[PDB]
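In the form deposited in one PDB entry, a lone chain appears below as structure tokens.
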């Protein structure tokens, strides 16, 4: 129910990690009052130019995930309120999963890749339990706590303006009508799995975004990754069905990748 407010004196910014349309993320340290501890944190400072109604949707989305949560989705530790709005969370020291897979292409195993697929599916199952549509699931928006533990973050939203999109991850209905559901998140999950299994290849590389809807209706899809057996590719293909009702549920995806994770060398073919 309650919300933990952290004073400015409890927090210290060290380095800039990244940014987007809504805010700037810093690496930092949290020292809670009346405790002899240091906690490494990420601190997201929201931009001052944006209106009150625009920043409202970011905060309200965090407050839905109030109770126990999931270990595979980012957890808000608290907020700090100066002239700026500062959102505080546990630091994920290996950064985003897209950068991680590209760097470690030489030494990653079949067990590691399929474990990540299962963990992302478990995290998305929790977001469906609390009725939270992500709108922007991609390898860039999954963080790495360690090589055997990943967390979903960077929850998507349209910027509300007074006046004064990731097309290659989106379901067909989302491109043409701007309809976002739990079943459109499943499409984006399929593309995320394709990124991991290609060691961070760019989807539809060379094809302009305007051409994507016509190609999808014709039946063209992203190619089978070189390391994947057909059994793995079949799950990706089910995620990209035009009929949203025929796509698998996130709980069924947890079941499938858990089974494949119990015999990873059968399903994914690494050189080593």
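Think of the rigid core as the biggest set of C-alphas that the two forms share within 1.5 Å after superposition. Positions refer to the first chain, counted from 1.
The stretch of deposited sequence separating residue 164 from residue 165 contains 10 or more residues lacking coordinates in this entry. When the C-alpha B-factors of 115-123 and 155-163 are averaged, 155-163 comes out higher. The stretch with the higher mean CA B factor, choosing between 41-49 and 61-69, is 61-69. The PDB entry assigns the greatest CA B-factor among 54, 235, 31, 216 to 54. Within the selection 140, 145, 134, 179, the deposited Cα B-factor values reach their highest point at 179. The PDB entry assigns residue 109 a C-alpha temperature factor belonging to the highest third of its chain's modelled residues. Per-chain ranking of the deposited C-alpha B factor places residue 82 in the highest third. Compared with the other modelled residues of the chain, the Cα B-factor recorded for residue 24 ranks in the lowest third.
For residue 195, the recorded CA B-factor ranks within the lowest third of the chain. Only modelled residues enter the ranking. Split the chain's modelled residues into thirds by C-alpha temperature factor. Residue 212 is in the middle one.
Although it is not shown, the form deposited in another entry is what the next lines describe.
Superposing the two forms on their core leaves just one of 209, 237, 242, 66 with a Cα displacement of at least 2 Å between the shown form and the other one, namely 66. Relative to the superposed rigid core, residue 32 undergoes a CA displacement of at least 2 Å between the shown form and the other one. In the core-superposed comparison between the shown form and the other one, residue 19 has its Cα shifted by at least 2 Å.
With the core held fixed, the Cα of residue 224 is displaced between the shown form and the other one by less than 2 Å. Annotation: residue 158/residue 92 CA-CA distance shorter in the other form than in the displayed model, change of at least 3 Å. Compared with the form shown here, the Cα atoms of residue 156 and residue 185 move at least 3 Å farther apart in the other form.
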